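Chains as they are written, first to last, in the deposited numbering: chain B, 146 to 235, 259 to 289; chain D, 1 to 213, 235 to 578; chain A, 1 to 156, 258 to 578. For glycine and all other residues, C-beta sits at the position ideal for the given N, C-alpha and C. To start, the structure itself, in structure tokens.
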Amino acid sequence: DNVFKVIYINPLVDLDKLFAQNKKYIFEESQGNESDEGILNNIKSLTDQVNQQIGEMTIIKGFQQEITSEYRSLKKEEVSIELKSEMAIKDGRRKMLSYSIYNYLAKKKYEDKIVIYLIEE
Amino acid sequence: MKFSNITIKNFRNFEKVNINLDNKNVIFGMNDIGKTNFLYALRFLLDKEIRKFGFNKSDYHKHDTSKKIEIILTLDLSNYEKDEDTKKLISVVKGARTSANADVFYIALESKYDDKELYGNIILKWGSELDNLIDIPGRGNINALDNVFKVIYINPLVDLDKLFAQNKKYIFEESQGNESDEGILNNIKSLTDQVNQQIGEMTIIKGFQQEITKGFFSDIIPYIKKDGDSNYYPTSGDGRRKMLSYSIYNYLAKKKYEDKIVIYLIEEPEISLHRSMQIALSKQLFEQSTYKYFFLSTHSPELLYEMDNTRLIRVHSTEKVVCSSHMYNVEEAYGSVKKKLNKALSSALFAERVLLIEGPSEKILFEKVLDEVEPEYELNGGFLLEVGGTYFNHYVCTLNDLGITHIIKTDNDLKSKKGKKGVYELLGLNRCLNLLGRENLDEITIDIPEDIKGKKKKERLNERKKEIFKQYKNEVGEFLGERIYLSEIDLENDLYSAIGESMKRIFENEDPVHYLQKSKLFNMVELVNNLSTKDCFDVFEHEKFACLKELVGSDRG
Amino acid sequence: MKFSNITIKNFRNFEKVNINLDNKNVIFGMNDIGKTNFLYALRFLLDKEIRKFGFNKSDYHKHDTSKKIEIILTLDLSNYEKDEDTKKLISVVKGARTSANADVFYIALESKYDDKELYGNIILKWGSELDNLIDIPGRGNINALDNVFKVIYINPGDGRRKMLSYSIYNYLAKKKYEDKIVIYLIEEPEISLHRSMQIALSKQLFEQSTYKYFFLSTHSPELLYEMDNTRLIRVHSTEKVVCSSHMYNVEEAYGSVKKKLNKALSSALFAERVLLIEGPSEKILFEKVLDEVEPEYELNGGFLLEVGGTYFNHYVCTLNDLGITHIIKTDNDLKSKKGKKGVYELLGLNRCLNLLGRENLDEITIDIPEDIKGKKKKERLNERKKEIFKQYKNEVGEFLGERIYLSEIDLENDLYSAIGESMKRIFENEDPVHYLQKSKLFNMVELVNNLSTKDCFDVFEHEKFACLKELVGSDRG
Ligand SMILES: Nc1ncnc2c1ncn2[C@@H]1O[C@H](COP(=O)(O)OP(=O)(O)OP(=O)(O)O)[C@@H](O)[C@H]1O
Ligand SMILES: Nc1ncnc2c1ncn2[C@@H]1O[C@H](COP(=O)(O)OP(=O)(O)OP(=O)(O)O)[C@@H](O)[C@H]1O
Ligand SMILES: Nc1ncnc2c1ncn2[C@@H]1O[C@H](COP(=O)(O)OP(=O)(O)OP(=O)(O)O)[C@@H](O)[C@H]1O
Ligand SMILES: [Mg+2]
Ligand SMILES: [Mg+2]
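This is how it looks when you write it as structure tokens:
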């Protein structure tokens, strides 16, 4: 397992199930590569706080107050309800996007491993 | 506006049933008896998400399709001048009401099978007369009952993600003008213009893209944050994940569906909840105005700790599946003792045969005798209910309207009334005659001299109890016809009539009846701690203890 | 043969947890206090289908991933040539045991984070000493721990399918697993089940020999109606997660009243503060006062428990080992002896002294004329009870430090000290306290039908009813 990495490519899977792993692989990019994205890491926290003042529109700020006020009529528990999304932007263009996603992840992550592609149909 | 009746014909295990209802309804019963099939008849009648799929072969009674399915719901509209829900009904059904003061309304469902299509079509009708129902008008996938009724169904297997996603079309999807923060949204747009042109680090992913050459509220996830911690764990337990879904349904009912009539169909809300959360949910169900119309199914007595103004429906089996209903109100005279009667009666609602005893010493002695004789009596539906001495009307009418067998074992008491000496009040006979609906008897005068005091006063009162029990023999036989077992003097004299040789052997006294009644609770534990197997069978097989033989349900006596 | 201890050094919501166990363990607690996380610590240690996926970031305490997850389980193994499961362990352990320590065993789990592959590897070790633990030998996907323990995890029209799944699981455990040690892990068996079936499952769970080893998480009191020879684990709802254990046994003296005891305590196990009252008249009066003053006392963790004709030790030991606050309100009595005249034993003071850890006092005798007697014998015994309460004062202060509230005569004289003008108004008699003694179940209902607001606050704010302020728990500091 320390030498071989097998990438299995099937067109029946979509971009969402690889994209859910890519939500933590973005954090692997920001931590890795001997802090090459450390020039961007102070201003990727600027993009992280772009997702902080989406919490102060009043359609979200009304929900954050009224759900907690509906929840605290049972036992007055010491809870809080928060909301977060954490998205990112980039049956043939999804597949051609996922081919470049697999080639990009093979170029970044697996420089120390032998990569074997199993491309089925 | 009030629900009055439902009548279900040929739907699943119901062949022909008729159940009176109210706004707040609680359904309870055994397993595989049809509590979920009762709630799905309301889902096929009033919820449009199940009605569009039609009926299969398995929705018919004993799987044959030669009988039609007919479900009729009756509403009462006698409070049109004060309630706004009645106007919400009448403003959609503006042509089908017949008389000028029609206070009833009927919403019906009929279904006949198609063997070539193998399909069960559902045709809905409404009106004010039962023989003159007209078809509901509709255009496309929408008829006119969807403009009046919103049905919220809460299953036991809620998933917070799924519910939030499906409802995220209602919240977070409004324009609302400007909301006084548009330059903050311009700063959202301006800081996205300094990230799309310089994402290359030191030209490692800009060069990777060189070689080949807004509304982001879709994936928002609600979390529960405890105070004092800042982390966001995705794994949460099923206690708070249920109650956040209940809060989201309450918020969507109080915001998006203010124009409609909201009906809750809740299946088993005690699942993965604590006891105190069940008591808090019971108080919010039966006191506050959040749930005005609900139909509740449950298996837990802790959700019935706060019940008032409630139709209780019990589904059971005698020959077929039959549902017995009862309208539950606590009176003004029981308003100070309401919580103790609710905590007593809420466990006795889930039984088959209930023995109503008068204190804890009877519970100690009867639990010893049923521990030694029939130890699986509560597996088979038996229950012992502590009344408290005074409350025989409320328990017997609540258990008798639901089809639960009530058994009463009680004493013959004399009450010393307030302010007068020598004139005493008949108590146990007055309670058992008020159980039959008759008038209370007049008070009696007992001449006790002042020098006679102590055991001889108790002996004269016991001889007067023997004389009064001898006088009313036909009333005692009329009580014994209706499973009321009045003792002659006390419980301990009937216990001395059965095992009195062993009571003289254990207590080492010439008067073991008086030593049992000197301290009632601690000497009963001493009698229970020295009883044998033969003495418990001598109590159980006796004539004077037939209430235990009625409680075990056998035909031995 | 027997489990002894589990030491969860680090997991999700456990920072340092050490729990004494047994066979037949039952774990209860509040909502979101890691009752499930405890059952996943047994699944990650013993079951292989959970252990084959490793540990994520979220399985560490406060998402730290710099500390080591360690779960250590202790087995007893004290006997030989009677128990067959001990030979089933000794056969696979082989030379991992030492004669000097041949009656203890340890199975440990270690996990350290990688932070490059973002994966948590699980290394299992077994040994007869806590130092020098060696690794479990394994061939392919199977190590040698899977040749000993088989773990059955249960998590559920409806109702009868769950009982049919119980019959399928018990039939597979009886048929296919004769050569293995079977551990059942049951997650909430009160779900979609009638209460008669809950009492039947409790009788089968605590009486039959088919469930030799289980860990049971529950929310229902009706699954604890038959509990005997069991271990009770409670997870406390404080800001630090504390787990408390009690070894529950019912003695030979309490075997004739076992049913009542179990039923009553089964609902009192799910509380936070339990007030132990004597009878139903105290239940009528305290339910009226706690309805008129603090009606959400049952929501916040209060409970009223009627204990009659019992020496208080079973309830106080069971609720004290589990970390539940117990408050006792009681009155002193003078019980006459059988076959003896004029000799009274001091019953309530002996109950409170046996709770404190002392011995029973001597039997007092009185020279009352007896030949001439009447209502005035009750005032003579009340004067003797006042002299008993005057003589023992530092013992009453020692009871008052341990949340035991002994009355001077009765509850009724303490009620007459607070609202006695209202008792003179309602009962219209010169002796209202003597009138309620004639029929306790009837005149208490007649009393609480006629009290209102500012009588219940005068009961609640009185210094002779401080047990209600202990049960509510509103502290001034
Ligand atoms: N409501 C809409 N408004 C505008 N564009 C839309 C809308 N719905 C879909 N689209 C566009 O149409 C596309 C749908 O592609 P579609 O699946 O029809 O292509 P295709 O030729 O069948 O694909 P393939 O050859 O890969 O199977 C979406 O990717 C999107 O760009
Ligand atoms: N079409 C049908 N014809 C006859 N009987 C049926 C039909 N469909 C279901 N049943 C009966 O109804 C039972 C299921 O009832 P249901 O699931 O409503 O019970 P329940 O009271 O909700 O149960 P629980 O409380 O244990 O979950 C089946 O076991 C069967 O006996
Ligand atoms: N890695 C972790 N670090 C810290 N706290 C965690 C971690 N994982 C889970 N938790 C916390 O542990 C609790 C998880 O709830 P859990 O399912 O263990 O409780 P429960 O008592 O079984 O609940 P329920 O009554 O709903 O079944 C939550 O409070 C959650 O925040
Ligand atoms: Mg069901
Ligand atoms: Mg849980």
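Can you find a C-beta in chain D that's less than 8 Å from the C-beta of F208 (chain B)? Position 63 of the first sequence, counted from the first residue, corresponds to residue 208 (chain B). In terms of beta-carbon proximity, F208 (chain B) lines the interface with chain D, with at least one pair separated by less than 8 Å.
From the DSSP output, which residues share a beta bridge with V444 (chain A)? On the third sequence, position 343 is the one that residue 444 (chain A) refers to. Looking at the DSSP output, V444 (chain A) bridges to A:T466.
Figure out for me which residue from A:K436, A:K441, A:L435 and A:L405 has the closest Cα to the Cα of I428 (chain A). Residue 428 (chain A) sits at position 327 when you count from the first residue of the third sequence. Relative to the Cα of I428 (chain A), the nearest Cα in the group A:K436, A:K441, A:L435 and A:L405 belongs to A:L405.
Nearest residue (CA-CA) to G120 (chain D), options D:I467, D:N186 and D:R51: Within the second sequence, residue 120 (chain D) is the residue found at index 120, counting from 1. When each option's Cα is compared against that of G120 (chain D), the closest is D:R51.
Beta strand (DSSP E) runs wholly inside the segment 297-327 of chain A, at least 3 long, in chain order: For the segment 297-327 of chain A, whole beta strand (DSSP E) runs of length 3 or above, ordered along the chain, are 315-318.
Looking at the C-beta of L228 (chain B), does it have a partner C-beta in chain D at a distance below 8 Å? Walking along the first sequence from the start, residue 228 (chain B) turns up at place 83. Chain D contact via Cβ: present.
Three-state secondary structure (DSSP) at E110 (chain A)? Looking up residue 110 (chain A) in the third sequence gives position 110. DSSP, reduced to helix, strand and coil, places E110 (chain A) within a strand of the structure shown.
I300 (chain D) and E279 (chain D): beta carbons closer than 8 Å? As a working note, residue 300 (chain D) is residue 279 in the second sequence. As a working note, residue 279 (chain D) is residue 258 in the second sequence. No, they are not a contact pair.
What's the gap between the Cα of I134 (chain A) and the Cα of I123 (chain A)? Within the third sequence, residue 134 (chain A) is the residue found at index 134, counting from 1. Within the third sequence, residue 123 (chain A) is the residue found at index 123, counting from 1. So the two alpha carbons sit approximately 10 Å from each other.
Close Cβ partners of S382 (chain D) (< 8 Å) along its chain, the five nearest in sequence each way excluded: If you number the second sequence from 1, residue 382 (chain D) lands on position 361. Around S382 (chain D): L512, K541, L542 and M545.
Does the separation of the CB atoms of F105 (chain D) and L77 (chain D) fall below 8 Å? As a position in the second sequence, residue 105 (chain D) is number 105, starting the count at 1. As a position in the second sequence, residue 77 (chain D) is number 77, starting the count at 1. Judged by beta-carbon spacing, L77 (chain D) lies within the 8 Å limit of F105 (chain D), meaning their Cβ atoms are closer than that value.
Do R261 (chain D) and ligand 3 come close, with the Cβ less than 7 Å from some heavy atom? Taking the second sequence and counting its residues from 1, one reaches residue 261 (chain D) at position 240. Yes; taking the cut-off as 7 Å, the Cβ of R261 (chain D) has a heavy atom of ligand 3 nearer than that.
Within the same chain, show all residues whose beta-carbon is closer than 6 Å to that of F528 (chain A), passing over the 5 residues directly before and after it, in chain order. Numbered from its first residue, the third sequence carries residue 528 (chain A) at position 427. Excluding residues up to 5 positions away in sequence, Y536 lie with their Cβ nearer than 6 Å to the Cβ of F528 (chain A) in the same chain.
Going by CA-CA distance only, name the one from D:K2, D:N10, D:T7 and D:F14 that's closest to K341 (chain D). If you number the second sequence from 1, residue 341 (chain D) lands on position 320. Comparing Cα positions, the closest option is D:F14.
For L118 (chain A) and chain B, any beta-carbon pair shorter than 8 Å? The residue labelled residue 118 (chain A) in the question sits at position 118 within the third sequence. Interface residue, yes.
Validate contact between the segment 261-281 of chain D and the segment 167-183 of chain B using beta carbons, cut 8 Å, 3 pairs: Because the criterion of three Cβ pairs below 8 Å is not met, the segment 261-281 of chain D and the segment 167-183 of chain B do not touch.
Taking 8 Å as the cut-off, does the segment 398-414 of chain D touch the segment 337-351 of chain D (at least 3 CB pairs, one atom from each stretch)? Judged by Cβ distances under 8 Å, the segment 337-351 of chain D makes no contact with the segment 398-414 of chain D, as fewer than three pairs qualify.
Between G249 (chain D) and ligand 3, is the CB less than 7 Å from at least one heavy atom? For the purposes of this step, residue 249 (chain D) is taken as the residue at position 228 of the second sequence. Because no heavy atom of ligand 3 lies under 7 Å away, the Cβ of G249 (chain D) does not count as near it: no.
Counting contacts by CB-CB distance shorter than 8 Å, is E173 (chain B) in contact with chain A? As a working note, residue 173 (chain B) is residue 28 in the first sequence. Yes, its Cβ sits closer than 8 Å to a Cβ of chain A.
Apply the 10 Å Cβ neighbour rule to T192 (chain D) and answer buried if 16 or more other Cβ atoms are within range, or exposed otherwise. The residue labelled residue 192 (chain D) in the question sits at position 192 within the second sequence. By the 10 Å Cβ count, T192 (chain D) comes out exposed.
Range covered by the beta strand (DSSP E) that runs through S268 (chain D): Reading the second sequence from its first residue, position 247 is the one you call residue 268 (chain D). It is not in any beta strand (DSSP E) - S268 (chain D) instead sits in the alpha helix (DSSP H) that spans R261 to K276.
Is there a Cβ from chain D that is less than 8 Å from the Cβ of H63 (chain A)? The residue given as residue 63 (chain A) occupies position 63 in the third sequence. Chain D, which has a Cβ nearer than 8 Å to the Cβ of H63 (chain A), makes this yes.
Is the CB of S218 (chain B) under 8 Å away from at least one CB in chain D? Residue 218 (chain B) sits at position 73 when you count from the first residue of the first sequence. Yes, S218 (chain B) lies at the interface with chain D (some Cβ there is under 8 Å from its Cβ).
Exposed or buried, what is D556 (chain D) when buried is set at 16 or more other beta-carbons lying within 10 Å of its beta-carbon? If you number the second sequence from 1, residue 556 (chain D) lands on position 535. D556 (chain D) comes out buried.
On the DSSP bridge list, what partners appear for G138 (chain D)? One-based indexing of the second sequence puts residue 138 (chain D) at position 138. The partner list for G138 (chain D) (beta bridge, DSSP) reads D:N143.
Do three or more CB pairs link the segment 71-86 of chain A to the segment 98-117 of chain A at distances below 8 Å? Contact between the segment 71-86 of chain A and the segment 98-117 of chain A is present, because at least three Cβ pairs lie under 8 Å.
In whole angstroms, what separates the C-alpha of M328 (chain D) from that of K486 (chain A)? Sequence index remark: in the second sequence, residue 328 (chain D) carries index 307 (1-based). Sequence index remark: in the third sequence, residue 486 (chain A) carries index 385 (1-based). When rounded, the distance between both Cα atoms is 44 Å.
What three-state label does DSSP hand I199 (chain B) in the structure shown? As a working mapping, residue 199 (chain B) is identified with position 54 in the first sequence. The three-state reading of DSSP puts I199 (chain B) in coil, since its state is none of H, G, I, E or B.
Coarse secondary structure for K221 (chain B), derived from DSSP in three states: By 1-based counting over the first sequence, the position of residue 221 (chain B) is 76. For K221 (chain B), the secondary structure class from DSSP, reduced to helix, strand or coil, is coil.
Please say whether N451 (chain A) and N414 (chain A) have beta carbons closer to each other than 8 Å? Here the question's residue 414 (chain A) lines up with position 313 in the third sequence. Here the question's residue 451 (chain A) lines up with position 350 in the third sequence. No, they are not a contact pair.
Chain A contacts from the segment 304-328 of chain D (Cβ-Cβ distance under 7 Å): Interface annotation for the segment 304-328 of chain D against chain A: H320, criterion Cβ-Cβ distance under 7 Å.
Status (buried if at least 16 other CB within 10 Å, exposed otherwise) for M298 (chain D): What you label residue 298 (chain D) is simply residue 277 of the second sequence in a count that begins at 1. Flag for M298 (chain D) reads buried.
Assuming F387 (chain D) contacts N25 (chain D) under a Cβ cut-off of 8 Å, what Cβ separation, rounded to an integer in Å, is found between them? What you label residue 387 (chain D) is simply residue 366 of the second sequence in a count that begins at 1. What you label residue 25 (chain D) is simply residue 25 of the second sequence in a count that begins at 1. Between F387 (chain D) and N25 (chain D), the beta carbon gap of about 34 Å keeps them out of contact (Cβ cut-off 8 Å).
So for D76 (chain D), helix, strand or coil by DSSP? Here residue 76 (chain D) is taken as the residue at index 76 of the second sequence, counted from 1. When secondary structure is reduced to three states using DSSP, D76 (chain D) falls in the strand class.
Are the C-beta of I473 (chain A) and some C-beta of chain D separated by less than 8 Å? By 1-based counting over the third sequence, the position of residue 473 (chain A) is 372. So no, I473 (chain A) is outside the interface.
Which first and last residues belong to the alpha helix (DSSP H) in which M348 (chain A) is found? For this step, residue 348 (chain A) is matched to residue 247 along the third sequence. Per DSSP, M348 (chain A) is not a residue of any alpha helix (DSSP H); the beta strand (DSSP E) it occupies stretches across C344 to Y349.
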